[PDB]
Amino acid sequence: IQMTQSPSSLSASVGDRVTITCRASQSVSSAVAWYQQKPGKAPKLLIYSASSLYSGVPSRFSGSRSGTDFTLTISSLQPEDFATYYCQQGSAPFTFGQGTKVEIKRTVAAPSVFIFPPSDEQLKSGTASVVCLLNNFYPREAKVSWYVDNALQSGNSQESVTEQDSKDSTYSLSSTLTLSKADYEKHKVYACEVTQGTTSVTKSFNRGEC
Amino acid sequence: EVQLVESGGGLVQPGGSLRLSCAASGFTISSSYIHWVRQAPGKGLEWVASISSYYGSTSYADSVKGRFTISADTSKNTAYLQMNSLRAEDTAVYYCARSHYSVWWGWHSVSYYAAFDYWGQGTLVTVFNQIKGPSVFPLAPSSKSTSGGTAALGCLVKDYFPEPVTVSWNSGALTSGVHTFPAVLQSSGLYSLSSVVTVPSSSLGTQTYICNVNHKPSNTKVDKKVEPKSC
Amino acid sequence: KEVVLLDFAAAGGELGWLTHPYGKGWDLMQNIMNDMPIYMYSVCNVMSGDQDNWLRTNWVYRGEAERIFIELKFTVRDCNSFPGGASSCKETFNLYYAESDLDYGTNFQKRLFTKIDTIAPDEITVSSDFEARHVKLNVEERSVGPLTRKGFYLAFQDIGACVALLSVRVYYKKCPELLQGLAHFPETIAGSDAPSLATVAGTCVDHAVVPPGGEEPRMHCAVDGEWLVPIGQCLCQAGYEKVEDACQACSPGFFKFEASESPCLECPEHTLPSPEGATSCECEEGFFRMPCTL
Amino acid sequence: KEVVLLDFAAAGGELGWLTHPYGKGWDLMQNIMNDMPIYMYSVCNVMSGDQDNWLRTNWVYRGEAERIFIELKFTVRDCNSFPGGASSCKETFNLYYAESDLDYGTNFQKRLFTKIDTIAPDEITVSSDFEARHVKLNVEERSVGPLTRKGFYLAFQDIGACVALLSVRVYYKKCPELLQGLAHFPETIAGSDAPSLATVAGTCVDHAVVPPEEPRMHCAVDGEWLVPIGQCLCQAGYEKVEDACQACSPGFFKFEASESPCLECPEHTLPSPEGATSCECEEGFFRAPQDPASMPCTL
Ligand SMILES: [Mg+2]
Ligand SMILES: [Mg+2]
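Top to bottom, those sequences are chains B, A, C and F. Quick note on numbering: the first sequence equals residues 2 to 32, 39 to 58, 66 to 72, 74 to 80, 83 to 111, 115 to 220, 223 to 232 in the authors' numbering. Quick note on numbering: the second sequence equals residues 1 to 9, 11 to 35, 40 to 64, 67 to 72, 74 to 139, 141 to 240 in the authors' numbering. Quick note on numbering: the third sequence equals residues 27 to 315, 323 to 327 in the authors' numbering. Quick note on numbering: the fourth sequence equals residues 27 to 238, 241 to 327 in the authors' numbering.
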């Protein structure tokens, strides 16, 4: 028996009806369950028996099913939830679902940008790691570019995006330009361009300035 | 009342042996099964083992078949999992849970079925060898970060192994606006995460800021203060 | 025929039934393999012993029932497929019954229950998987009678067996309204044991009359619900003949003065064709009264 | 009635019976209780499991039997009173049967044996001691029919229970020679299960005659006659005394075959002599043309 899910991930606005289906490839009884696991948190039961709602769980969650199309549905949206949602078959294998990353929407926010040069102590080790920050912005979709003396840098950047904030539903991205001591000290001006939508903001610095 | 607690995590050598224990509270493990579910970093949930302390019936997945063993000391309401020959793939967070037994195929306890109703919290079993103390640098606010009544400073955690790194600012008092970034596995093979906090620029010269990087996998406790470059 | 007094596969848990050892012990089970929920009761307390698990059914209304029959469909695990059944595992359940004039409910008194017999499976459910992948349906049947009160209770006592109760039927037999012999015999009830039970007489069908020097129609209903041994009969009256199981008028040109089921006798010599349904043949024009004496 | 076809408490092992699993398994035992409760079979292989022990009886001669009845008397240990019955102890035995035209003996060849039902005790012999401590003799009864061959075989399958076979009775029912209704109904055989539907007739006893239907009684599966149809009537000159027609006493007559007792000579007729059918007239008194023997011989 091979439990499968679709879609792998999705994003929707507040007040939107959503559905994710767990395709039971073989007839693994009919007792199934749907859960939802917060990234980096202990899971909680959402619904079981393919219809039995866990006592206290909000009424929007519903155990719909069409043959082997065991699936979950939410009415619109309320304060909690919004995680990667997993199903599970109640038969002997207990093989849980592969998950579906759901996402709350947010009015396109202000992507404030900051930049930090490598510190004094790091240069003595022979490495320079420039930092560019995107704080409380939406959507994550953007274009981050590094310009060392008006030359686009490719490959020497690492991007990390945090999880959605609870209050303002905002992201946080970090671009890390990693260089060497000989290469950092041989250039002068370093800039970080962020191209979100139509606006292209770029923060910069100079080595001989503080 | 019905509580499940897991303990026994840490770092063990590749091929080493670890023991994890699930302490059951508020219920008798005789009237329910015990499960172990692991979660690989960035992937979904995977079922590992089951046990039937009233009946003694067991079951394992072919991922860990033979290598992993589940036990239940029915005298202390405790279940164990003894992992041998830990592989680099086996590194995950191991949860424990309960469910009813329902000895007949497809039949489930109408009065006492709640599929995996109660759960544990998560314990990490790092299966690695390389150990790297965390290198910490300040992210100094400056003429760039002076802009406005709001400033931005942070700390950089570079070239450490293995995870996790717990970051707190000013002994955990500065929490508002703190965005602790996930690590990125660099080409060197060591993870790297950066922690930043947004504070007013009026407090830069009067309020000192210290980040507390803690890397218990290496027994390191780094306290770094972020000082404006000024120069 | 059979008049069903109780079926478990009609409502969820028959929408009732008690578990004496409170929550523990017997527990009503169910599977939804399809869009037809199938309710069932079970107990699997093999590795403990000292087991007094009970399951009492709801008060069935006796009505006109005199002997009730009990048809259980069940499966039983191996008592051996579970390592650890050391001197605590049995494979038989005991079937009880109690007779009451008033429904009590939820006040099951261990004492007041007479036992019928200890049932046992004729096929043992053996399987490698703990869930017991397939099934082996045992079918055994008992009866208890005669019944006296306005109702009864059924009980199921377990001593630590892994049994799977799938259905419980309680019915009584009834003789199903025969109509043969030109007599309409009404449908009657069965008896207790080896009886001559209520040899219900018949009702002469249309235009059928019992012969003057003859016994009245009577048929002996039996315990199994089968009619038996016809004694007496109804016979088609004068002017009528036995067509199927109803007396029919003689066709034109035929007569039936002799009141009997025998077919219509033909008009004798030298006689006007007697009209439909004729009795003794009206003689013919000029012929005076068997052939009308010429 | 009951015609017994096999009894275990008649000869030592009925001088026979086979144990298929060679020496092991069923073994004939014996004790000397109150005066002579002796001759018993048992098996107590609880701590082994995977048990296929059999016991075959000797070929019983069917005779006129059409439905045979089997009455077993046995006791069963607890399966729980012996520490060590771990997943090897059950408390039920399976009863089989085979129909054969030839006596074979010593040839149980383990395939061709049809099963009746898996029996189990309704009371379990329980005691905290290996030697049974006042027993509870279970008594259960099955029947199988109809039979086709000149005989049959019985079998006893055990799966590792501590059971004590004490008796085995095999009988068939027979309707026991009734005489009511002035008809001699012979003793006849029973039917299969449904059967009845037969009207085994009677024999009109001396001075009993069927009125110008004959008496018939339905022999049944249980061994009971049923639903008499027709009857015999004491003939002229005879009266029903007990269950036999007896001659009319002196001074009495019986004109016709009827259930009525002997009639006394009415009047103007000398008392009809012993066993008389018609009333002899008196001197000058004559039986009027319409007057029958019942009506006085009008002077
Ligand atoms: Mg019995
Ligand atoms: Mg049977």
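By construction, the Cβ of each residue, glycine as well, lies at the ideal position given by its N, Cα and C atoms.
Start-to-end residues for the beta strand (DSSP E) that takes in residue i
i          : result
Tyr-102(B) : 101-106
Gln-274(C) : 272-275
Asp-86(B)  : 86-91
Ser-107(A) : 100-107
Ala-181(F) : 177-184
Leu-31(C)  : 28-33
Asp-53(C)  : 53-57
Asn-228(B) : 219-228
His-246(C) : 244-247
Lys-51(B)  : 51-55
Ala-190(C) : 188-201
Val-69(C)  : 64-70
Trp-80(C)  : 79-82
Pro-147(A) : 144-148
Under 8 Å between C-beta atoms of residue i and residue j
i            : j          : result
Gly-146(B)   : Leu-94(B)  : no
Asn-120(F)   : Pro-147(F) : no
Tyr-197(C)   : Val-86(C)  : no
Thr-305(F)   : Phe-314(F) : no
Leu-162(A)   : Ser-154(A) : yes
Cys-307(F)   : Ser-300(F) : yes
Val-208(A)   : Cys-164(A) : no
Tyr-65(C)    : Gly-39(C)  : yes
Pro-289(F)   : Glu-267(F) : yes
residue 1(B) : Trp-41(B)  : There is no way to answer for residue 1(B), as the model of chain B reaches only from 2 to 232.
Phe-157(B)   : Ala-129(B) : yes
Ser-203(A)   : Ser-165(B) : no
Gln-27(B)    : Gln-6(B)   : no
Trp-52(A)    : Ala-68(A)  : yes
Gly-157(A)   : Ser-210(A) : yes
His-108(A)   : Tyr-121(A) : yes
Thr-198(B)   : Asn-228(B) : no
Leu-173(C)   : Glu-92(C)  : yes
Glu-157(C)   : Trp-41(A)  : no
Nearest-angstrom Cβ-Cβ length linking residue i and residue j, presumed shorter than 8 Å
i          : j          : result
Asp-184(F) : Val-69(F)  : 5 Å
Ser-107(C) : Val-161(C) : Not confirmed; about 14 Å, so no contact.
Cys-262(F) : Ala-285(F) : 7 Å
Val-102(F) : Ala-187(F) : 6 Å
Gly-228(F) : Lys-27(F)  : 17 Å between Cβ atoms; not a contact.
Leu-41(C)  : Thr-83(C)  : Rounded, the Cβ-Cβ distance is 12 Å, inconsistent with contact.
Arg-88(C)  : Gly-177(C) : 5 Å
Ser-193(F) : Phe-34(F)  : 5 Å
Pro-317(F) : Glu-295(F) : Their Cβ separation, rounded to whole angstroms, is 17 Å, which puts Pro-317(F) and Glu-295(F) out of contact at 8 Å.
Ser-154(C) : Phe-95(C)  : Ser-154(C) to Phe-95(C), Cβ: 37 Å. No contact.
Endpoints, alpha helix (DSSP H) assigned at residue i
i          : result
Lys-48(A)  : Taken as a continuous stretch (DSSP letters only), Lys-48(A) belongs to no alpha helix (DSSP H), as it is neither H nor E.
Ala-202(B) : 201-204
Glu-141(B) : 140-143
### Residue list, Cβ distance to ligand 1 heavy atoms smaller than 5 Å
Every residue whose beta carbon comes nearer than 5 Å to a heavy atom of ligand 1 appears here in chain order: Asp-143(C), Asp-148(F) and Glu-166(F).
### Task
Only counting runs of 3 or more residues, tell me where the beta strand (DSSP E) segments fall wholly within the segment 198-228 of chain A, in order along the chain.
Secondary structure within the segment 198-228 of chain A: the beta strand (DSSP E) runs of 3 or more consecutive residues, fully enclosed, are 200-208 and 219-224 (chain order).
### Query
Unbroken beta strand (DSSP E) runs of length 3 or more, entirely within the segment 266-323 of chain F: which are they?
Counting only runs of 3+ residues, the beta strand (DSSP E) found wholly inside the segment 266-323 of chain F occupies 266-269 and 272-275, in chain order.
#### Entry: Contiguous beta strand (DSSP E) assignments of at least 3 residues, all confined to the segment 84-145 of chain F
94-102, 119-126 and 140-145, all fully within the segment 84-145 of chain F.
### Every unbroken alpha helix (DSSP H) inside the segment 129-172 of chain B [4 residues or more]
Whole alpha helix (DSSP H) segments, 4+ residues: 140-143.
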